[PDB]
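Reviewing the structure listed below.
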Amino acid sequence: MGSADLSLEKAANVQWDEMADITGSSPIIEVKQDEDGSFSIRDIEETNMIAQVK
Amino acid sequence: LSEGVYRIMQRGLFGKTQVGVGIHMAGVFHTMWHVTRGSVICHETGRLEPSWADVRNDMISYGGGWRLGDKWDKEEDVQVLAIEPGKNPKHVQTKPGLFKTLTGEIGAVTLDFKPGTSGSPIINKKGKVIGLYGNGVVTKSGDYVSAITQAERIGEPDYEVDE
């Protein structure tokens, strides 16, 4: 036979790095729906807000 | 052949380019559908042939069924072992959101890594893969969000007493 498509290259192993950064940890709520063959996806972020006066 | 995280390279005119990421665990190589699209993957030992796929959920397994059974529990921090092309492996932790869709709730990872990372493992605190990074959604020029791509429990309530 004769073919060739894609190769493998090992990079790392499954391990939990405790010193990883937690920046960008937005727990956004995404509502995905479709109506007429298209798909409509809204994303609702719930950012915390402390009151402030000017 | 050995358990770990593998880069999925494609030979071209200018050499091999990382098109995606895959995880070989418990003797089965797990990756994303849109990455390999069913093409066989060869390594020193031999060529891997696909065994199962879910095109709607963008998943495909090589050499057997999906053995990654661990799913994400809500309100628990996860880490993405992003394998960016050329760059070294990078671990980033996040508090996942939710993908409110018909048929269930899928974890929403807000991390935006470079293209080609599709298939990077999503690991829980116990050091086990609970999903795959790569299949997600982008906002209007905004922050990409990837769904925690996992096979089983794709539509189950995850709170019943039956199993």
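The way I read the labels, and the way they are meant: chains A, B, ... in the order of the structure tokens, residue 1 as the first residue of every chain, and ligand 1 as the first ligand shown, with later ones counted on from there.
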
Please report as a short mmCIF file (atom, residue, chain, number, x, y, z; two decimals) with N, CA, C and O atoms, in the first residue's frame which residues of chain B come no farther than 6 Å from chain A, using only C-alpha atoms.
data_model
loop_
_atom_site.label_atom_id
_atom_site.label_comp_id
_atom_site.auth_asym_id
_atom_site.auth_seq_id
_atom_site.Cartn_x
_atom_site.Cartn_y
_atom_site.Cartn_z
N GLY B 4 0.41 10.03 27.07
CA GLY B 4 0.83 11.41 27.19
C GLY B 4 0.04 12.29 26.25
O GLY B 4 -0.99 11.88 25.70
N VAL B 5 0.54 13.51 26.07
CA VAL B 5 -0.06 14.50 25.18
C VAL B 5 0.83 14.61 23.94
O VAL B 5 2.05 14.74 24.06
N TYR B 6 0.21 14.55 22.77
CA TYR B 6 0.93 14.49 21.51
C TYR B 6 0.51 15.62 20.59
O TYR B 6 -0.68 15.96 20.51
N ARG B 7 1.48 16.20 19.89
CA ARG B 7 1.20 17.16 18.83
C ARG B 7 0.86 16.42 17.54
O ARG B 7 1.51 15.43 17.18
N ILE B 8 -0.17 16.89 16.85
CA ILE B 8 -0.63 16.28 15.61
C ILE B 8 -0.08 17.13 14.46
O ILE B 8 -0.59 18.22 14.18
N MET B 9 0.95 16.62 13.80
CA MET B 9 1.66 17.33 12.75
C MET B 9 1.22 16.85 11.37
O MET B 9 0.84 15.68 11.20
N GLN B 10 1.28 17.75 10.39
CA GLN B 10 0.94 17.43 9.01
C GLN B 10 2.09 17.85 8.10
O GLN B 10 2.41 19.04 8.03
N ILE B 41 -3.12 8.51 11.52
CA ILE B 41 -1.92 9.13 12.07
C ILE B 41 -0.87 8.04 12.25
O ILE B 41 -1.15 7.01 12.87
N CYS B 42 0.33 8.27 11.72
CA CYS B 42 1.44 7.34 11.85
C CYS B 42 2.54 7.90 12.75
O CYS B 42 2.76 9.11 12.81
N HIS B 43 3.21 6.99 13.46
CA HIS B 43 4.34 7.29 14.32
C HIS B 43 5.37 6.19 14.10
O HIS B 43 5.14 5.26 13.33
N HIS B 91 0.53 25.66 31.03
CA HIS B 91 -0.61 25.35 31.88
C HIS B 91 -1.28 26.64 32.33
O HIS B 91 -0.62 27.54 32.86
N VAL B 92 -2.59 26.73 32.12
CA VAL B 92 -3.38 27.89 32.53
C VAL B 92 -4.64 27.39 33.23
O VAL B 92 -5.33 26.51 32.72
N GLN B 93 -4.92 27.95 34.40
CA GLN B 93 -6.07 27.58 35.22
C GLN B 93 -7.19 28.60 35.05
O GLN B 93 -6.95 29.79 34.85
N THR B 94 -8.43 28.11 35.10
CA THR B 94 -9.60 28.96 34.91
C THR B 94 -10.79 28.37 35.66
O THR B 94 -10.81 27.18 36.00
N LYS B 95 -11.78 29.23 35.93
CA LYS B 95 -13.06 28.82 36.49
C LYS B 95 -14.07 28.76 35.36
O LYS B 95 -14.55 29.80 34.90
N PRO B 96 -14.44 27.57 34.88
CA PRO B 96 -15.25 27.49 33.66
C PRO B 96 -16.65 28.05 33.86
O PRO B 96 -17.19 28.08 34.97
N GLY B 97 -17.22 28.52 32.76
CA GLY B 97 -18.60 28.95 32.72
C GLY B 97 -19.52 27.82 32.31
O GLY B 97 -19.23 26.64 32.53
N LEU B 98 -20.63 28.18 31.68
CA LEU B 98 -21.59 27.20 31.21
C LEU B 98 -22.01 27.53 29.79
O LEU B 98 -22.15 28.70 29.42
N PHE B 99 -22.21 26.49 28.99
CA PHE B 99 -22.76 26.61 27.65
C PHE B 99 -24.22 26.19 27.75
O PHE B 99 -24.54 24.99 27.74
N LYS B 100 -25.11 27.17 27.89
CA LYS B 100 -26.53 26.88 28.00
C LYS B 100 -27.05 26.51 26.62
O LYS B 100 -27.23 27.38 25.76
N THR B 101 -27.28 25.21 26.41
CA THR B 101 -27.78 24.70 25.15
C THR B 101 -28.83 23.65 25.43
O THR B 101 -28.90 23.08 26.52
N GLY B 127 -5.51 15.45 38.31
CA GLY B 127 -4.54 15.09 37.29
C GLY B 127 -5.08 14.19 36.21
O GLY B 127 -4.32 13.38 35.65
#

**Message:** List as an MDAnalysis selection string the protein and nucleic acid residues near residue 21 (chain B), meaning an atom at most 10 Å away when only C-alpha atoms are counted, but skip any in the same chain fewer than 2 places from it.
**Reply:** (chainID A and resid 8:11) or (chainID B and resid 5:9 18:19 23 30:32 35:36 82:85 116:121 132:134)

Resulting file, chosen residues, N, CA, C and O atoms, as a short mmCIF file (atom, residue, chain, number, x, y, z; two decimals), in the first residue's frame:
data_model
loop_
_atom_site.label_atom_id
_atom_site.label_comp_id
_atom_site.auth_asym_id
_atom_site.auth_seq_id
_atom_site.Cartn_x
_atom_site.Cartn_y
_atom_site.Cartn_z
N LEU A 8 2.73 12.14 14.45
CA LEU A 8 2.59 12.46 15.87
C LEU A 8 3.92 12.92 16.45
O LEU A 8 4.99 12.47 16.04
N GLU A 9 3.84 13.83 17.42
CA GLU A 9 5.01 14.35 18.12
C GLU A 9 4.62 14.60 19.57
O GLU A 9 3.83 15.51 19.84
N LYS A 10 5.15 13.80 20.49
CA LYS A 10 4.80 13.94 21.89
C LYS A 10 5.37 15.24 22.46
O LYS A 10 6.50 15.63 22.16
N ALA A 11 4.58 15.90 23.30
CA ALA A 11 4.99 17.19 23.83
C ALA A 11 4.98 17.25 25.35
O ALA A 11 5.88 17.87 25.93
N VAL B 5 0.54 13.51 26.07
CA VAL B 5 -0.06 14.50 25.18
C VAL B 5 0.83 14.61 23.94
O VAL B 5 2.05 14.74 24.06
N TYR B 6 0.21 14.55 22.77
CA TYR B 6 0.93 14.49 21.51
C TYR B 6 0.51 15.62 20.59
O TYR B 6 -0.68 15.96 20.51
N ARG B 7 1.48 16.20 19.89
CA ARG B 7 1.20 17.16 18.83
C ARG B 7 0.86 16.42 17.54
O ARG B 7 1.51 15.43 17.18
N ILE B 8 -0.17 16.89 16.85
CA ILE B 8 -0.63 16.28 15.61
C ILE B 8 -0.08 17.13 14.46
O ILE B 8 -0.59 18.22 14.18
N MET B 9 0.95 16.62 13.80
CA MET B 9 1.66 17.33 12.75
C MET B 9 1.22 16.85 11.37
O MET B 9 0.84 15.68 11.20
N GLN B 18 1.85 21.86 13.06
CA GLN B 18 0.92 21.38 14.08
C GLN B 18 -0.49 21.84 13.74
O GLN B 18 -0.79 23.04 13.80
N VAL B 19 -1.36 20.90 13.39
CA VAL B 19 -2.75 21.22 13.10
C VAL B 19 -3.65 21.00 14.32
O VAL B 19 -4.77 21.52 14.35
N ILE B 23 -4.43 13.35 22.87
CA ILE B 23 -4.02 12.71 24.12
C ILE B 23 -4.15 11.21 23.94
O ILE B 23 -5.23 10.71 23.60
N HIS B 30 -6.98 10.14 21.69
CA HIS B 30 -8.18 10.97 21.65
C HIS B 30 -7.81 12.35 21.13
O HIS B 30 -6.82 12.94 21.56
N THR B 31 -8.60 12.86 20.18
CA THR B 31 -8.39 14.20 19.64
C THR B 31 -9.73 14.74 19.12
O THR B 31 -10.78 14.13 19.32
N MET B 32 -9.67 15.89 18.45
CA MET B 32 -10.86 16.55 17.92
C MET B 32 -11.11 16.13 16.48
O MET B 32 -10.18 15.85 15.72
N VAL B 35 -9.79 18.46 13.62
CA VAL B 35 -8.33 18.47 13.51
C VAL B 35 -7.87 17.46 12.47
O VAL B 35 -7.27 17.82 11.45
N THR B 36 -8.16 16.17 12.70
CA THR B 36 -7.67 15.11 11.82
C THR B 36 -8.67 14.73 10.74
O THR B 36 -8.26 14.21 9.70
N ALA B 82 -2.27 23.76 27.32
CA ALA B 82 -2.24 24.26 25.96
C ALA B 82 -0.92 23.91 25.29
O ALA B 82 0.16 24.26 25.79
N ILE B 83 -1.00 23.22 24.16
CA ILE B 83 0.17 22.89 23.36
C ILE B 83 0.18 23.82 22.15
O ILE B 83 -0.31 23.46 21.08
N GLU B 84 0.71 25.02 22.33
CA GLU B 84 0.76 25.97 21.24
C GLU B 84 1.82 25.55 20.23
O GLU B 84 2.88 25.03 20.61
N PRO B 85 1.58 25.74 18.93
CA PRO B 85 2.54 25.29 17.92
C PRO B 85 3.88 26.00 18.08
O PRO B 85 3.94 27.23 18.12
N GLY B 116 -4.29 25.91 16.33
CA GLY B 116 -3.53 24.68 16.35
C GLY B 116 -3.55 23.97 17.69
O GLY B 116 -3.15 22.80 17.76
N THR B 117 -4.02 24.64 18.74
CA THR B 117 -4.14 24.04 20.06
C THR B 117 -5.38 23.17 20.20
O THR B 117 -5.60 22.60 21.28
N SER B 118 -6.19 23.05 19.15
CA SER B 118 -7.41 22.25 19.21
C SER B 118 -7.08 20.82 19.62
O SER B 118 -6.35 20.12 18.92
N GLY B 119 -7.63 20.40 20.75
CA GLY B 119 -7.33 19.11 21.34
C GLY B 119 -6.46 19.17 22.57
O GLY B 119 -6.12 18.11 23.12
N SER B 120 -6.09 20.36 23.04
CA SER B 120 -5.30 20.45 24.26
C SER B 120 -6.12 19.93 25.44
O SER B 120 -7.30 20.27 25.57
N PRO B 121 -5.52 19.12 26.31
CA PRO B 121 -6.30 18.50 27.38
C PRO B 121 -6.75 19.50 28.42
O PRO B 121 -6.07 20.49 28.70
N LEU B 132 -11.47 18.48 26.24
CA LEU B 132 -10.52 18.90 25.21
C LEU B 132 -10.79 20.34 24.81
O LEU B 132 -11.94 20.75 24.63
N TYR B 133 -9.71 21.10 24.66
CA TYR B 133 -9.79 22.49 24.24
C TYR B 133 -9.74 22.57 22.73
O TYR B 133 -9.01 21.81 22.08
N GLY B 134 -10.53 23.48 22.16
CA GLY B 134 -10.48 23.70 20.73
C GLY B 134 -11.80 24.05 20.08
O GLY B 134 -11.85 24.93 19.21
#

**Message:** Between CA of residue 74 (chain B) and CA of residue 27 (chain B), what distance in Å does the model show, to one decimal?
**Reply:**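 Taking CA of residue 74 (chain B) as the start and CA of residue 27 (chain B) as the end point, the length is 28.2 Å.
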
**Asked** Got a sec to tell me which of chain A DSSP assigns to strand (DSSP E), as a PyMOL selection string?
**Response** chain A and resi 6-12+29-34+39-44

Take the residues that were just selected and, keeping N, CA, C and O atoms, output them as a PDB file, in the first residue's frame.
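Generated output (again_16.pdb):
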ATOM      1  N   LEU A   6      -0.665  12.282   8.316  1.00  0.00           N
ATOM      2  CA  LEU A   6      -0.368  13.048   9.525  1.00  0.00           C
ATOM      3  C   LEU A   6       0.494  12.249  10.494  1.00  0.00           C
ATOM      4  O   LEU A   6       0.290  11.046  10.676  1.00  0.00           O
ATOM      5  N   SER A   7       1.444  12.932  11.130  1.00  0.00           N
ATOM      6  CA  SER A   7       2.373  12.316  12.069  1.00  0.00           C
ATOM      7  C   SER A   7       2.100  12.808  13.488  1.00  0.00           C
ATOM      8  O   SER A   7       1.341  13.756  13.712  1.00  0.00           O
ATOM      9  N   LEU A   8       2.732  12.140  14.454  1.00  0.00           N
ATOM     10  CA  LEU A   8       2.593  12.461  15.867  1.00  0.00           C
ATOM     11  C   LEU A   8       3.922  12.918  16.451  1.00  0.00           C
ATOM     12  O   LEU A   8       4.993  12.465  16.037  1.00  0.00           O
ATOM     13  N   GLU A   9       3.837  13.826  17.421  1.00  0.00           N
ATOM     14  CA  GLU A   9       5.011  14.347  18.116  1.00  0.00           C
ATOM     15  C   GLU A   9       4.618  14.600  19.567  1.00  0.00           C
ATOM     16  O   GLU A   9       3.828  15.506  19.844  1.00  0.00           O
ATOM     17  N   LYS A  10       5.154  13.800  20.486  1.00  0.00           N
ATOM     18  CA  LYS A  10       4.804  13.944  21.894  1.00  0.00           C
ATOM     19  C   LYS A  10       5.372  15.240  22.461  1.00  0.00           C
ATOM     20  O   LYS A  10       6.504  15.628  22.159  1.00  0.00           O
ATOM     21  N   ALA A  11       4.583  15.901  23.297  1.00  0.00           N
ATOM     22  CA  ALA A  11       4.989  17.195  23.832  1.00  0.00           C
ATOM     23  C   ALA A  11       4.983  17.252  25.350  1.00  0.00           C
ATOM     24  O   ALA A  11       5.877  17.871  25.935  1.00  0.00           O
ATOM     25  N   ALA A  12       4.007  16.630  26.005  1.00  0.00           N
ATOM     26  CA  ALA A  12       3.912  16.693  27.458  1.00  0.00           C
ATOM     27  C   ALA A  12       3.081  15.515  27.951  1.00  0.00           C
ATOM     28  O   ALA A  12       2.582  14.706  27.164  1.00  0.00           O
ATOM     29  N   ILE A  29     -21.921  32.794  30.902  1.00  0.00           N
ATOM     30  CA  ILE A  29     -23.053  31.918  30.608  1.00  0.00           C
ATOM     31  C   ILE A  29     -23.464  32.167  29.162  1.00  0.00           C
ATOM     32  O   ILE A  29     -23.903  33.272  28.819  1.00  0.00           O
ATOM     33  N   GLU A  30     -23.322  31.148  28.313  1.00  0.00           N
ATOM     34  CA  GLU A  30     -23.539  31.282  26.874  1.00  0.00           C
ATOM     35  C   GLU A  30     -24.797  30.543  26.437  1.00  0.00           C
ATOM     36  O   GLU A  30     -24.888  29.320  26.592  1.00  0.00           O
ATOM     37  N   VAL A  31     -25.747  31.279  25.863  1.00  0.00           N
ATOM     38  CA  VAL A  31     -27.004  30.712  25.384  1.00  0.00           C
ATOM     39  C   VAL A  31     -26.901  30.562  23.873  1.00  0.00           C
ATOM     40  O   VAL A  31     -26.938  31.554  23.136  1.00  0.00           O
ATOM     41  N   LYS A  32     -26.802  29.319  23.409  1.00  0.00           N
ATOM     42  CA  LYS A  32     -26.717  29.000  21.990  1.00  0.00           C
ATOM     43  C   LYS A  32     -28.065  28.481  21.510  1.00  0.00           C
ATOM     44  O   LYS A  32     -28.635  27.578  22.128  1.00  0.00           O
ATOM     45  N   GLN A  33     -28.575  29.054  20.423  1.00  0.00           N
ATOM     46  CA  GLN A  33     -29.837  28.601  19.857  1.00  0.00           C
ATOM     47  C   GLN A  33     -29.810  28.816  18.352  1.00  0.00           C
ATOM     48  O   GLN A  33     -28.978  29.557  17.821  1.00  0.00           O
ATOM     49  N   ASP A  34     -30.723  28.132  17.670  1.00  0.00           N
ATOM     50  CA  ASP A  34     -30.868  28.197  16.223  1.00  0.00           C
ATOM     51  C   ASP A  34     -32.344  28.328  15.887  1.00  0.00           C
ATOM     52  O   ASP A  34     -33.188  27.737  16.562  1.00  0.00           O
ATOM     53  N   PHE A  39     -27.397  29.895  13.462  1.00  0.00           N
ATOM     54  CA  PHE A  39     -27.174  29.665  14.885  1.00  0.00           C
ATOM     55  C   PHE A  39     -26.900  31.001  15.556  1.00  0.00           C
ATOM     56  O   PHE A  39     -26.028  31.757  15.112  1.00  0.00           O
ATOM     57  N   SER A  40     -27.622  31.278  16.636  1.00  0.00           N
ATOM     58  CA  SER A  40     -27.485  32.532  17.363  1.00  0.00           C
ATOM     59  C   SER A  40     -26.974  32.207  18.755  1.00  0.00           C
ATOM     60  O   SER A  40     -27.641  31.495  19.516  1.00  0.00           O
ATOM     61  N   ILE A  41     -25.810  32.750  19.098  1.00  0.00           N
ATOM     62  CA  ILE A  41     -25.143  32.451  20.356  1.00  0.00           C
ATOM     63  C   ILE A  41     -24.881  33.769  21.066  1.00  0.00           C
ATOM     64  O   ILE A  41     -24.133  34.613  20.559  1.00  0.00           O
ATOM     65  N   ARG A  42     -25.517  33.963  22.213  1.00  0.00           N
ATOM     66  CA  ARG A  42     -25.253  35.114  23.059  1.00  0.00           C
ATOM     67  C   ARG A  42     -24.443  34.672  24.272  1.00  0.00           C
ATOM     68  O   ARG A  42     -24.594  33.551  24.764  1.00  0.00           O
ATOM     69  N   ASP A  43     -23.593  35.568  24.767  1.00  0.00           N
ATOM     70  CA  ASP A  43     -22.763  35.289  25.933  1.00  0.00           C
ATOM     71  C   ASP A  43     -23.064  36.337  26.989  1.00  0.00           C
ATOM     72  O   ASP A  43     -22.873  37.535  26.753  1.00  0.00           O
ATOM     73  N   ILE A  44     -23.493  35.885  28.158  1.00  0.00           N
ATOM     74  CA  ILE A  44     -23.857  36.766  29.254  1.00  0.00           C
ATOM     75  C   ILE A  44     -22.776  36.691  30.322  1.00  0.00           C
ATOM     76  O   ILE A  44     -22.658  35.680  31.025  1.00  0.00           O
TER      77      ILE A  44
END

**Prompt:** Which residue gives the smallest distance to residue 53 (chain B) among B:151, B:105, B:86, B:162, with only C-alpha atoms counted?
**Reply:**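 Smallest separation from residue 53 (chain B) among the options: B:151.
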
**Message:** Could you pull out the helix (DSSP H, G or I) residues of chain B, going by DSSP on the backbone, and write them as a ChimeraX atom specification?
**Reply:** /B:33-36

Would you export the selected residues with C-alpha atoms as a short mmCIF file (atom, residue, chain, number, x, y, z; two decimals), in the first residue's frame, please?
data_model
loop_
_atom_site.label_atom_id
_atom_site.label_comp_id
_atom_site.auth_asym_id
_atom_site.auth_seq_id
_atom_site.Cartn_x
_atom_site.Cartn_y
_atom_site.Cartn_z
CA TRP B 33 -12.75 15.71 14.74
CA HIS B 34 -12.06 18.92 12.82
CA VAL B 35 -8.33 18.47 13.51
CA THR B 36 -7.67 15.11 11.82
#

**Separation of CA of residue 135 (chain B) from CA of residue 147 (chain B), in Å and rounded to one decimal** =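 A separation of 6.0 Å between them.
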
**Request:** Take CA of residue 57 (chain B) and CA of residue 38 (chain A) and report the distance between them in Å, one decimal.
**Result:**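 A separation of 17.3 Å between them.
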